[PDB]
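Shown next: target09.csv, given as CSV, C-alpha atoms and all ligand atoms.
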chain,number,residue,atom,x,y,z
A,1,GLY,CA,-29.4,-53.2,-22.8
A,2,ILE,CA,-27.0,-50.4,-21.8
A,3,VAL,CA,-29.8,-47.8,-21.3
A,4,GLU,CA,-31.7,-50.1,-19.1
A,5,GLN,CA,-28.5,-51.3,-17.3
A,6,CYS,CA,-26.9,-47.9,-16.8
A,7,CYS,CA,-29.5,-45.1,-17.1
A,8,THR,CA,-32.9,-46.6,-16.0
A,9,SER,CA,-31.0,-48.7,-13.5
A,10,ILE,CA,-27.5,-48.1,-12.1
A,11,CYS,CA,-24.1,-49.5,-13.3
A,12,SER,CA,-20.5,-49.7,-12.3
A,13,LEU,CA,-17.5,-48.6,-14.5
A,14,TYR,CA,-16.7,-52.3,-14.8
A,15,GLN,CA,-20.3,-53.0,-16.3
A,16,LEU,CA,-19.6,-50.2,-18.7
A,17,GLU,CA,-16.7,-52.1,-20.0
A,18,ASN,CA,-19.1,-54.7,-21.4
A,19,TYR,CA,-19.8,-52.2,-24.3
A,20,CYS,CA,-16.2,-51.7,-25.4
A,21,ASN,CA,-15.0,-53.2,-28.6
B,1,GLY,CA,0.4,-33.3,-9.4
B,2,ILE,CA,-2.5,-35.2,-10.9
B,3,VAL,CA,-4.1,-32.3,-12.6
B,4,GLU,CA,-0.8,-31.6,-14.5
B,5,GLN,CA,0.2,-35.3,-15.1
B,6,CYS,CA,-3.1,-36.2,-16.8
B,7,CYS,CA,-2.7,-33.3,-19.2
B,8,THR,CA,1.0,-33.2,-19.9
B,9,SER,CA,1.3,-37.0,-19.9
B,10,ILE,CA,-1.2,-39.7,-19.2
B,11,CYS,CA,-3.0,-40.9,-16.2
B,12,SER,CA,-5.1,-43.9,-15.1
B,13,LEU,CA,-8.6,-44.1,-13.6
B,14,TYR,CA,-6.9,-45.9,-10.6
B,15,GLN,CA,-4.7,-42.9,-10.0
B,16,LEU,CA,-7.8,-40.6,-10.3
B,17,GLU,CA,-9.5,-42.7,-7.7
B,18,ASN,CA,-7.0,-41.4,-5.2
B,19,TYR,CA,-8.7,-38.0,-5.3
B,20,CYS,CA,-12.1,-39.3,-4.3
B,21,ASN,CA,-13.4,-38.3,-0.8
C,1,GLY,CA,-10.3,-43.1,-39.9
C,2,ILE,CA,-13.0,-40.7,-38.8
C,3,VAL,CA,-11.8,-40.4,-35.3
C,4,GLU,CA,-8.4,-39.2,-36.6
C,5,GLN,CA,-9.7,-37.2,-39.5
C,6,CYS,CA,-12.1,-35.0,-37.4
C,7,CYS,CA,-9.2,-34.2,-35.0
C,8,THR,CA,-6.2,-33.7,-37.4
C,9,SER,CA,-8.3,-32.2,-40.1
C,10,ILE,CA,-12.0,-31.4,-40.4
C,11,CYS,CA,-15.0,-33.5,-40.8
C,12,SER,CA,-18.7,-33.1,-41.6
C,13,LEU,CA,-21.9,-34.2,-39.8
C,14,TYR,CA,-22.7,-36.1,-43.0
C,15,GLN,CA,-19.5,-38.1,-42.7
C,16,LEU,CA,-20.3,-38.6,-39.0
C,17,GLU,CA,-23.6,-40.0,-39.8
C,18,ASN,CA,-22.0,-43.0,-41.5
C,19,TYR,CA,-21.0,-44.3,-38.0
C,20,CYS,CA,-24.6,-44.4,-36.8
C,21,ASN,CA,-26.1,-47.9,-36.2
D,1,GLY,CA,-39.3,-20.8,-28.9
D,2,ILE,CA,-36.1,-23.0,-29.0
D,3,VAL,CA,-36.8,-24.4,-25.5
D,4,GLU,CA,-40.3,-25.3,-26.3
D,5,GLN,CA,-39.3,-26.6,-29.8
D,6,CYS,CA,-36.2,-28.6,-28.8
D,7,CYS,CA,-36.4,-29.4,-25.0
D,8,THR,CA,-40.1,-29.5,-24.0
D,9,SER,CA,-40.8,-31.0,-27.4
D,10,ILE,CA,-38.4,-32.7,-29.8
D,11,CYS,CA,-36.4,-31.2,-32.7
D,12,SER,CA,-34.3,-32.2,-35.7
D,13,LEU,CA,-30.7,-30.9,-36.4
D,14,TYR,CA,-32.3,-29.0,-39.3
D,15,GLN,CA,-34.8,-27.2,-36.9
D,16,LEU,CA,-31.8,-26.3,-34.8
D,17,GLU,CA,-30.3,-24.4,-37.7
D,18,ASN,CA,-33.2,-21.9,-37.4
D,19,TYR,CA,-31.2,-20.4,-34.5
D,20,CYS,CA,-27.9,-19.9,-36.2
D,21,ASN,CA,-26.9,-16.3,-37.2
E,1,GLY,CA,-13.6,-10.8,-30.5
E,2,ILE,CA,-14.5,-12.8,-27.3
E,3,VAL,CA,-14.6,-16.1,-29.0
E,4,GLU,CA,-11.0,-15.7,-30.2
E,5,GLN,CA,-9.7,-13.9,-27.1
E,6,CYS,CA,-10.8,-16.6,-24.6
E,7,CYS,CA,-9.0,-19.2,-26.7
E,8,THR,CA,-5.8,-17.5,-27.8
E,9,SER,CA,-5.4,-15.7,-24.5
E,10,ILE,CA,-7.6,-15.5,-21.4
E,11,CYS,CA,-10.9,-14.0,-20.6
E,12,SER,CA,-13.0,-13.3,-17.5
E,13,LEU,CA,-16.6,-14.3,-16.6
E,14,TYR,CA,-17.3,-10.5,-16.4
E,15,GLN,CA,-16.2,-10.1,-20.0
E,16,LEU,CA,-18.4,-13.2,-20.9
E,17,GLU,CA,-21.3,-11.6,-19.2
E,18,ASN,CA,-21.4,-8.9,-21.9
E,19,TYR,CA,-22.7,-11.5,-24.4
E,20,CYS,CA,-25.8,-12.3,-22.4
E,21,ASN,CA,-29.1,-11.2,-23.8
F,1,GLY,CA,-24.7,-29.0,1.3
F,2,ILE,CA,-23.8,-28.1,-2.4
F,3,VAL,CA,-26.3,-30.5,-3.9
F,4,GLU,CA,-29.1,-29.2,-1.8
F,5,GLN,CA,-28.0,-25.6,-2.3
F,6,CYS,CA,-27.3,-25.8,-6.1
F,7,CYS,CA,-29.2,-28.8,-7.6
F,8,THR,CA,-32.3,-29.5,-5.4
F,9,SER,CA,-32.5,-25.7,-4.9
F,10,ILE,CA,-31.0,-22.9,-7.0
F,11,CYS,CA,-27.6,-21.1,-6.6
F,12,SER,CA,-25.7,-18.1,-7.9
F,13,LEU,CA,-22.1,-18.2,-9.3
F,14,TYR,CA,-21.1,-16.4,-6.1
F,15,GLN,CA,-22.6,-19.2,-3.9
F,16,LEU,CA,-20.6,-21.7,-5.9
F,17,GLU,CA,-17.5,-19.9,-4.8
F,18,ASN,CA,-18.2,-21.2,-1.3
F,19,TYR,CA,-16.8,-24.6,-2.5
F,20,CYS,CA,-13.5,-23.4,-3.9
F,21,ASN,CA,-10.3,-24.1,-2.0
G,1,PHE,CA,-24.4,-27.6,-41.3
G,2,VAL,CA,-20.7,-26.6,-41.0
G,3,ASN,CA,-17.5,-28.6,-40.9
G,4,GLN,CA,-16.2,-29.7,-37.6
G,5,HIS,CA,-12.9,-29.9,-35.8
G,6,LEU,CA,-13.4,-32.6,-33.1
G,7,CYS,CA,-10.9,-34.3,-30.8
G,8,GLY,CA,-11.3,-36.6,-27.9
G,9,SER,CA,-14.6,-36.8,-26.1
G,10,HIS,CA,-15.9,-33.9,-28.4
G,11,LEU,CA,-16.1,-36.5,-31.3
G,12,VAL,CA,-18.3,-38.8,-29.1
G,13,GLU,CA,-20.5,-35.9,-28.3
G,14,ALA,CA,-21.0,-35.1,-31.9
G,15,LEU,CA,-21.7,-38.7,-32.8
G,16,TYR,CA,-24.3,-38.7,-30.0
G,17,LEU,CA,-26.2,-35.7,-31.4
G,18,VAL,CA,-26.0,-36.8,-34.9
G,19,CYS,CA,-27.1,-40.4,-34.4
G,20,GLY,CA,-29.8,-40.1,-31.7
G,21,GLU,CA,-31.7,-43.2,-30.8
G,22,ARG,CA,-29.9,-45.1,-33.6
G,23,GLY,CA,-26.7,-45.1,-31.5
G,24,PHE,CA,-23.3,-45.4,-33.1
G,25,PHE,CA,-19.9,-47.0,-33.0
G,26,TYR,CA,-16.8,-45.2,-32.0
G,27,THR,CA,-13.8,-46.8,-33.5
G,28,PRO,CA,-10.4,-45.1,-33.3
G,29,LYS,CA,-7.2,-46.2,-34.9
G,30,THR,CA,-5.0,-48.4,-32.7
H,1,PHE,CA,-15.4,-47.0,-8.0
H,2,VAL,CA,-19.2,-46.4,-7.8
H,3,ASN,CA,-22.5,-47.0,-9.5
H,4,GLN,CA,-24.6,-43.9,-10.7
H,5,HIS,CA,-27.3,-43.2,-13.3
H,6,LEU,CA,-25.6,-42.5,-16.6
H,7,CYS,CA,-27.9,-41.3,-19.4
H,8,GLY,CA,-27.3,-40.0,-22.9
H,9,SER,CA,-24.3,-37.7,-23.4
H,10,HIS,CA,-23.3,-38.5,-19.8
H,11,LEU,CA,-23.5,-42.2,-20.7
H,12,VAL,CA,-21.5,-41.8,-23.9
H,13,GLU,CA,-18.8,-39.8,-22.2
H,14,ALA,CA,-18.4,-42.6,-19.7
H,15,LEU,CA,-18.0,-45.2,-22.4
H,16,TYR,CA,-15.4,-43.0,-24.0
H,17,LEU,CA,-13.6,-42.8,-20.7
H,18,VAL,CA,-13.7,-46.5,-19.8
H,19,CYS,CA,-13.0,-47.9,-23.4
H,20,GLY,CA,-11.0,-45.2,-25.0
H,21,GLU,CA,-8.7,-46.6,-27.7
H,22,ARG,CA,-10.5,-50.0,-27.7
H,23,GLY,CA,-13.6,-48.1,-29.0
H,24,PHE,CA,-17.2,-48.9,-28.1
H,25,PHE,CA,-20.7,-49.2,-29.4
H,26,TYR,CA,-23.7,-47.3,-28.1
H,27,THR,CA,-26.8,-49.2,-29.1
H,28,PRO,CA,-29.8,-47.9,-27.1
H,29,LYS,CA,-32.4,-50.0,-29.2
H,30,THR,CA,-30.4,-52.7,-27.6
I,1,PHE,CA,-9.8,-49.5,-18.2
I,2,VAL,CA,-7.4,-47.5,-20.4
I,3,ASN,CA,-5.0,-44.7,-19.8
I,4,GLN,CA,-6.3,-41.2,-20.2
I,5,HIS,CA,-5.1,-37.9,-21.6
I,6,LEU,CA,-7.2,-35.2,-19.8
I,7,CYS,CA,-6.9,-31.5,-19.7
I,8,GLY,CA,-9.1,-28.8,-18.4
I,9,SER,CA,-12.6,-29.5,-17.6
I,10,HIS,CA,-12.2,-33.0,-19.0
I,11,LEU,CA,-10.2,-33.9,-15.9
I,12,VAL,CA,-13.1,-32.8,-13.7
I,13,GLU,CA,-15.5,-34.9,-15.7
I,14,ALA,CA,-13.4,-37.9,-15.3
I,15,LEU,CA,-13.1,-37.4,-11.5
I,16,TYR,CA,-16.9,-37.0,-11.4
I,17,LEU,CA,-17.4,-40.4,-13.2
I,18,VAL,CA,-14.7,-42.2,-11.2
I,19,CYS,CA,-15.7,-41.0,-7.7
I,20,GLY,CA,-19.5,-40.9,-7.9
I,21,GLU,CA,-21.4,-40.1,-4.7
I,22,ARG,CA,-18.1,-40.1,-2.8
I,23,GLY,CA,-17.2,-36.8,-4.5
I,24,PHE,CA,-13.6,-35.6,-4.9
I,25,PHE,CA,-11.2,-32.7,-4.6
I,26,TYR,CA,-9.7,-31.0,-7.6
I,27,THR,CA,-6.4,-29.5,-6.7
I,28,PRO,CA,-4.2,-28.1,-9.5
I,29,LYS,CA,-0.7,-26.7,-9.1
I,30,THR,CA,-0.5,-22.9,-8.5
J,1,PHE,CA,-30.4,-37.5,-38.7
J,2,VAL,CA,-32.9,-37.8,-35.7
J,3,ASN,CA,-35.1,-35.8,-33.3
J,4,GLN,CA,-34.3,-35.9,-29.4
J,5,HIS,CA,-34.9,-33.8,-26.3
J,6,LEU,CA,-32.2,-31.2,-26.1
J,7,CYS,CA,-32.1,-29.1,-23.0
J,8,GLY,CA,-29.7,-26.6,-21.5
J,9,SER,CA,-26.0,-27.3,-21.9
J,10,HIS,CA,-27.0,-30.2,-24.2
J,11,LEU,CA,-29.1,-27.8,-26.2
J,12,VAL,CA,-26.3,-25.2,-26.4
J,13,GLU,CA,-23.7,-27.8,-27.4
J,14,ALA,CA,-26.0,-28.8,-30.3
J,15,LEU,CA,-26.4,-25.3,-31.5
J,16,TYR,CA,-22.6,-24.9,-31.4
J,17,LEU,CA,-22.3,-28.1,-33.5
J,18,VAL,CA,-24.9,-27.2,-36.1
J,19,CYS,CA,-24.0,-23.5,-36.5
J,20,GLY,CA,-20.3,-23.3,-35.6
J,21,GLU,CA,-18.7,-20.4,-37.4
J,22,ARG,CA,-22.0,-18.8,-38.4
J,23,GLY,CA,-22.6,-18.3,-34.7
J,24,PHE,CA,-26.0,-18.6,-32.9
J,25,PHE,CA,-28.3,-17.1,-30.4
J,26,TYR,CA,-29.8,-18.9,-27.4
J,27,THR,CA,-32.8,-17.0,-26.2
J,28,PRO,CA,-34.9,-19.2,-23.8
J,29,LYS,CA,-37.3,-16.3,-22.9
J,30,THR,CA,-38.0,-16.6,-26.6
K,1,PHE,CA,-13.9,-15.7,-10.1
K,2,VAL,CA,-10.8,-16.6,-12.0
K,3,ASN,CA,-9.7,-16.0,-15.5
K,4,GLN,CA,-10.5,-18.5,-18.1
K,5,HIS,CA,-8.9,-20.2,-21.1
K,6,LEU,CA,-11.7,-21.5,-23.3
K,7,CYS,CA,-11.8,-22.9,-26.8
K,8,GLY,CA,-14.4,-24.5,-28.8
K,9,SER,CA,-17.5,-25.8,-27.2
K,10,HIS,CA,-16.0,-24.9,-23.7
K,11,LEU,CA,-16.7,-21.2,-24.5
K,12,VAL,CA,-20.4,-22.0,-25.2
K,13,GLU,CA,-20.6,-23.9,-21.9
K,14,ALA,CA,-19.2,-21.0,-20.0
K,15,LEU,CA,-21.6,-18.6,-21.7
K,16,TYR,CA,-24.4,-20.9,-20.7
K,17,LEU,CA,-23.4,-20.9,-17.0
K,18,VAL,CA,-22.8,-17.2,-16.9
K,19,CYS,CA,-25.9,-16.0,-18.7
K,20,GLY,CA,-28.6,-18.5,-17.4
K,21,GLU,CA,-32.1,-17.8,-18.4
K,22,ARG,CA,-31.1,-14.6,-20.1
K,23,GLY,CA,-29.4,-16.6,-22.8
K,24,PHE,CA,-26.6,-15.3,-24.9
K,25,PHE,CA,-25.2,-14.8,-28.4
K,26,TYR,CA,-22.2,-16.7,-29.7
K,27,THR,CA,-20.5,-14.8,-32.4
K,28,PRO,CA,-17.1,-16.0,-33.6
K,29,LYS,CA,-14.9,-14.2,-36.1
K,30,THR,CA,-15.3,-15.3,-39.8
L,1,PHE,CA,-25.1,-13.4,-13.2
L,2,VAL,CA,-28.1,-15.7,-12.6
L,3,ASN,CA,-29.3,-18.7,-10.4
L,4,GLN,CA,-30.1,-22.1,-12.2
L,5,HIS,CA,-30.3,-25.8,-11.1
L,6,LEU,CA,-26.8,-27.3,-11.4
L,7,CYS,CA,-26.6,-31.0,-10.9
L,8,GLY,CA,-23.9,-33.6,-11.3
L,9,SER,CA,-21.5,-33.1,-14.2
L,10,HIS,CA,-23.2,-29.7,-14.8
L,11,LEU,CA,-22.5,-28.8,-11.2
L,12,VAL,CA,-18.9,-29.9,-11.3
L,13,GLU,CA,-18.2,-28.1,-14.6
L,14,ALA,CA,-19.5,-24.9,-12.8
L,15,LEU,CA,-17.2,-25.3,-9.9
L,16,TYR,CA,-14.4,-25.8,-12.3
L,17,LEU,CA,-15.4,-22.6,-14.0
L,18,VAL,CA,-15.8,-20.5,-10.9
L,19,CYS,CA,-12.8,-21.8,-8.9
L,20,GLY,CA,-10.3,-22.9,-11.6
L,21,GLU,CA,-6.8,-22.6,-10.3
L,22,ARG,CA,-7.8,-22.3,-6.6
L,23,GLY,CA,-9.3,-25.8,-7.0
L,24,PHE,CA,-12.4,-27.0,-5.3
L,25,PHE,CA,-14.1,-29.9,-3.4
L,26,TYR,CA,-17.3,-31.6,-4.5
L,27,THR,CA,-18.7,-33.4,-1.5
L,28,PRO,CA,-22.3,-34.4,-2.2
L,29,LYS,CA,-22.6,-36.5,1.2
L,30,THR,CA,-22.1,-32.9,2.5
M,1,CL,CL,-29.3,-33.9,-17.6
M,2,CL,CL,-10.3,-29.7,-25.6
M,3,ZN,ZN,-12.4,-30.0,-24.7
M,4,ZN,ZN,-26.6,-33.2,-18.7
Show me the file's structure as structure tokens.
Amino acid sequence: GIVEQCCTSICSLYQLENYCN
Amino acid sequence: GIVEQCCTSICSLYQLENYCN
Amino acid sequence: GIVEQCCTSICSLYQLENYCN
Amino acid sequence: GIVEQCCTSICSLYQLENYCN
Amino acid sequence: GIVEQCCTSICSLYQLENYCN
Amino acid sequence: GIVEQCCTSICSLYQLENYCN
Amino acid sequence: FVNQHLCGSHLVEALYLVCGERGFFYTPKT
Amino acid sequence: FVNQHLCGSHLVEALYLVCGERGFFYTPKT
Amino acid sequence: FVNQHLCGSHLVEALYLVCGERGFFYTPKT
Amino acid sequence: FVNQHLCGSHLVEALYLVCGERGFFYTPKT
Amino acid sequence: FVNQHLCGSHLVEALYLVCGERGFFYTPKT
Amino acid sequence: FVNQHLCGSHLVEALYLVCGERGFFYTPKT
């Protein structure tokens, strides 16, 4: 999930928007 | 400038991006 | 809601805890 | 101390209160 | 005190340094 | 540069002033 | 614990500390 | 923009930035 | 992305997230 | 609540949260 | 260094940077 | 003061502190 996508791996500001409501 | 506009009004990430190197 | 109450007034960690998953 | 208790190891919000005045 | 002076007015890093251990 | 000086290595608050405008 | 006055990103920081690995949802008005 | 490693607080602050008023969920268990 | 209200150090945090490895310049009035 | 690793800034911010008006001491030498 | 306007958790962050491994005490009024 | 490891956000926040109104550049490529 988010942690694997953005911390363990690397993510863009656009990927981060996948977790907005 | 940007520093004052984000605080006194509002600003976008796209306007922020203009200050990247 | 909580977001507005902590800013405009005060809030507790116990009320915060209600927003945990 | 705090660093060993809360950083090197793991601590609760209740343990953290041991360092309040 | 320092906590109130930095917020209500201004404070220096040199005055901050007085609160180090 | 800054990252090597202050993150990879260790820097004082005075070295940090080398990056002010 | 003491009561808190938290605006902006400082509310998300508090939620982060309080919830830990459970995570949380941040849901402002409007 | 870019891609960086965003973890804990840092990660949350980013979500706050990107989502703001929409709100967001931080669900590290997944 | 949403619009932002950022003062103080919270502006530098945003620049940091937005620019990444490119870095940035922070240049306030006066 | 939970238990997490809290280090430096992160650790301090937590103490600020938990103690607030009582105040607190951060004494890493011990 | 320049003068500082610091409220809330931003005061604890400054103390943290300024004092380093020496640590510090945070002691607000009331 | 002291010397510590200052990285990313932490590093930026420090520059903000030390430089403030003068402004600063964060240029990690170098
Ligand atoms: Cl970190
Ligand atoms: Cl603030
Ligand atoms: Zn703030
Ligand atoms: Zn950090």
When you look at residue 4 in chain A with a cut-off of 12 Å (counting only C-alpha atoms), what residues show up, excluding the ones that are within fewer than 4 positions of it in the same chain? I need them as a compact mmCIF listing (two decimals) with C-alpha atoms, in the frame of the given file.
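Wrote selection.txt, looks like this:
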# COMPACT_ATOMS: atom_id res chain seq x y z
CA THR A 8 -32.90 -46.60 -16.00
CA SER A 9 -31.00 -48.70 -13.50
CA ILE A 10 -27.50 -48.10 -12.10
CA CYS A 11 -24.10 -49.50 -13.30
CA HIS H 5 -27.30 -43.20 -13.30
CA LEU H 6 -25.60 -42.50 -16.60
CA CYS H 7 -27.90 -41.30 -19.40
CA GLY H 8 -27.30 -40.00 -22.90
CA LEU H 11 -23.50 -42.20 -20.70
CA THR H 27 -26.80 -49.20 -29.10
CA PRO H 28 -29.80 -47.90 -27.10
CA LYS H 29 -32.40 -50.00 -29.20
CA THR H 30 -30.40 -52.70 -27.60
Open item on the list: Could you tell me which residues of chain I sit within 8 Å of chain H when counting only C-alpha atoms, and give me the result as a PyMOL selection string?
Closed with: chain I and resi 1-4+14+17-21
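Atom pair CA of residue 16 in chain D / CA of residue 21 in chain C: separated by 22.4 Å.
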Least-squares fit of chain E onto chain D (C-alpha, ordered pairing) as a short mmCIF file (atom, residue, chain, number, x, y, z; two decimals) with C-alpha atoms, in the coordinates of the input:
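Output contents, as saved in part.cif:
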data_model
loop_
_atom_site.label_atom_id
_atom_site.label_comp_id
_atom_site.auth_asym_id
_atom_site.auth_seq_id
_atom_site.Cartn_x
_atom_site.Cartn_y
_atom_site.Cartn_z
CA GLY E 1 -40.10 -21.25 -29.34
CA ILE E 2 -37.12 -23.62 -30.10
CA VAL E 3 -35.75 -23.54 -26.65
CA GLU E 4 -39.05 -24.82 -25.22
CA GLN E 5 -39.91 -27.15 -28.11
CA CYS E 6 -36.63 -29.15 -27.98
CA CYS E 7 -37.20 -29.74 -24.27
CA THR E 8 -40.92 -30.39 -23.96
CA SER E 9 -41.05 -32.29 -27.22
CA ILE E 10 -38.43 -32.99 -29.90
CA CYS E 11 -36.61 -30.95 -32.40
CA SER E 12 -34.35 -31.53 -35.41
CA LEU E 13 -30.82 -30.25 -36.22
CA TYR E 14 -32.44 -28.61 -39.33
CA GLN E 15 -34.78 -26.66 -37.09
CA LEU E 16 -31.71 -25.75 -34.85
CA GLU E 17 -29.90 -24.55 -37.88
CA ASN E 18 -32.38 -21.66 -38.21
CA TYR E 19 -30.84 -20.02 -35.10
CA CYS E 20 -27.38 -19.75 -36.61
CA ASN E 21 -26.13 -16.32 -37.45
#
May I have chain G as a PDB file with C-alpha atoms, in the coordinates of the input, after a least-squares superposition on chain H that uses all C-alpha atoms paired in order?
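Wrote it out as part.pdb, contents follow:
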ATOM      1  CA  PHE G   1     -15.102 -46.968  -8.434  1.00  0.00           C
ATOM      2  CA  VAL G   2     -18.762 -46.087  -7.658  1.00  0.00           C
ATOM      3  CA  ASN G   3     -22.024 -46.935  -9.359  1.00  0.00           C
ATOM      4  CA  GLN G   4     -23.309 -44.633 -11.975  1.00  0.00           C
ATOM      5  CA  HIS G   5     -26.586 -43.096 -13.007  1.00  0.00           C
ATOM      6  CA  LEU G   6     -26.133 -42.184 -16.721  1.00  0.00           C
ATOM      7  CA  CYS G   7     -28.651 -41.013 -19.312  1.00  0.00           C
ATOM      8  CA  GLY G   8     -28.282 -39.722 -22.784  1.00  0.00           C
ATOM      9  CA  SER G   9     -24.964 -38.379 -23.948  1.00  0.00           C
ATOM     10  CA  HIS G  10     -23.606 -38.898 -20.305  1.00  0.00           C
ATOM     11  CA  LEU G  11     -23.534 -42.727 -21.044  1.00  0.00           C
ATOM     12  CA  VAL G  12     -21.376 -42.089 -24.192  1.00  0.00           C
ATOM     13  CA  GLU G  13     -19.072 -39.977 -22.162  1.00  0.00           C
ATOM     14  CA  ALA G  14     -18.600 -42.666 -19.633  1.00  0.00           C
ATOM     15  CA  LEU G  15     -18.031 -45.309 -22.270  1.00  0.00           C
ATOM     16  CA  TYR G  16     -15.390 -42.986 -23.763  1.00  0.00           C
ATOM     17  CA  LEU G  17     -13.416 -42.700 -20.509  1.00  0.00           C
ATOM     18  CA  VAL G  18     -13.704 -46.260 -19.646  1.00  0.00           C
ATOM     19  CA  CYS G  19     -12.714 -47.715 -23.011  1.00  0.00           C
ATOM     20  CA  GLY G  20      -9.965 -45.326 -24.198  1.00  0.00           C
ATOM     21  CA  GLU G  21      -8.153 -46.205 -27.356  1.00  0.00           C
ATOM     22  CA  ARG G  22     -10.056 -49.529 -27.507  1.00  0.00           C
ATOM     23  CA  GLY G  23     -13.222 -47.634 -28.524  1.00  0.00           C
ATOM     24  CA  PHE G  24     -16.654 -49.059 -27.890  1.00  0.00           C
ATOM     25  CA  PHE G  25     -20.102 -49.695 -29.244  1.00  0.00           C
ATOM     26  CA  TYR G  26     -23.126 -47.821 -28.154  1.00  0.00           C
ATOM     27  CA  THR G  27     -26.199 -49.840 -28.693  1.00  0.00           C
ATOM     28  CA  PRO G  28     -29.539 -48.694 -27.271  1.00  0.00           C
ATOM     29  CA  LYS G  29     -32.796 -50.536 -27.326  1.00  0.00           C
ATOM     30  CA  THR G  30     -35.033 -49.717 -30.301  1.00  0.00           C
TER      31      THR G  30
END
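For the pair CA of residue 2 in chain C and atom CL of ligand CL 2 (chain M), the interatomic distance is 17.4 Å.
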For range 8-23 of chain G, what centre and edge lengths in Å (one decimal) does the axis-aligned box get once 4 Å is added on each side of all its listed atoms, as lines of an AutoDock Vina configuration file?
center_x = -21.5
center_y = -39.5
center_z = -30.5
size_x = 28.4
size_y = 19.2
size_z = 16.8
Open item on the list: Could you tell me how far CA of residue 14 in chain D sits from CA of residue 1 in chain C, in Å to one decimal place?
Closed with: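 So the two atoms, CA of residue 1 in chain C and CA of residue 14 in chain D, lie 26.1 Å apart.
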